[PDB]
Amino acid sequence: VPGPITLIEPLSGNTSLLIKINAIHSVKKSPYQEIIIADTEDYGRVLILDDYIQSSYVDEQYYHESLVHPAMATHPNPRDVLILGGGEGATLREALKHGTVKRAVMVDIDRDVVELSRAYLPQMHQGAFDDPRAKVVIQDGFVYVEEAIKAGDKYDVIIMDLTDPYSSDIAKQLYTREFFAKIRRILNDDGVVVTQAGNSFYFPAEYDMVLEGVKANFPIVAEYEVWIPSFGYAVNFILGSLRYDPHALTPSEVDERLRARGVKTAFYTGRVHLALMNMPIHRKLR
């Protein structure tokens, strides 16, 4: 039973997780957030920001593969990729696997998350930060997107891997209808956006606000979720597309794009893609 040293991970406010801690690797009060890197018995090494597990060694591939590959596989030739957040470098790692990618930009507000992840979470980034195709920019993603509009920059796929919409003051401006309109302005005509949107079961109001924002700006929208044990819930993803429908890809087409692009995964396959496109998201039923 889960001690003697325990993380109390908030889940809903009326439910919390008690997680056995084996070791604390680093604690850093950054100007933006409290960072903890720790070893958990169940999940191995974790990044914690303001008390919330962001990623674990034993299940981060479920999160990062589900966040990245459906969007990347839906785009027929994703060359220019923008990531907002993704501080541990695993979102960048998954995006770079696509041989079509020539330029991947990752924008995180917090240099301490990136530097502490570089040192203490090598199985997350796996060298992604040092890939010649990758540029790591330390900036508020809101400001970065405003400056990208003025420069008329355009991307094929935009991946939002931010802190939770229901908890995170630093990410709140990037989850609005108005921000999704700004995202559309820096997408090519066949562009795709994907974002994590917290949890539809425990935080339906915050989830619905994000969903309405994407639906108001993109004509094709897929909603899918994946159980991440270390989070205590099935994370919700919202994918917005200007041309291509992720629901239209067959397992064979997904598997052929992965093979052609040199993409190796622990989890994501054509069959996973089909399941994600067909499983409705969880809500409270009474």
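Note that residue numbering begins at 1 and tracks the sequence as displayed.
Comparing 188-196 with 147-155, the stretch with the higher mean C-alpha B-factor in the PDB entry is 147-155. For the pair 244-252 and 56-64, the mean Cα B-factor is higher in 244-252. Among the modelled residues of its chain, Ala260 has a C-alpha B-factor that falls in the highest third, as given in the PDB entry. Among all modelled residues in this chain, the alpha-carbon of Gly270 has a temperature factor (C-alpha) in the middle third. In the deposited entry, the Cα temperature factor of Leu7 sits in the bottom third of values across the chain's modelled residues. Split the chain's modelled residues into thirds by C-alpha temperature factor. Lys29 is in the highest one. Ranked against the other modelled residues of its chain, the C-alpha B-factor of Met279 as given in the entry falls in the middle third.
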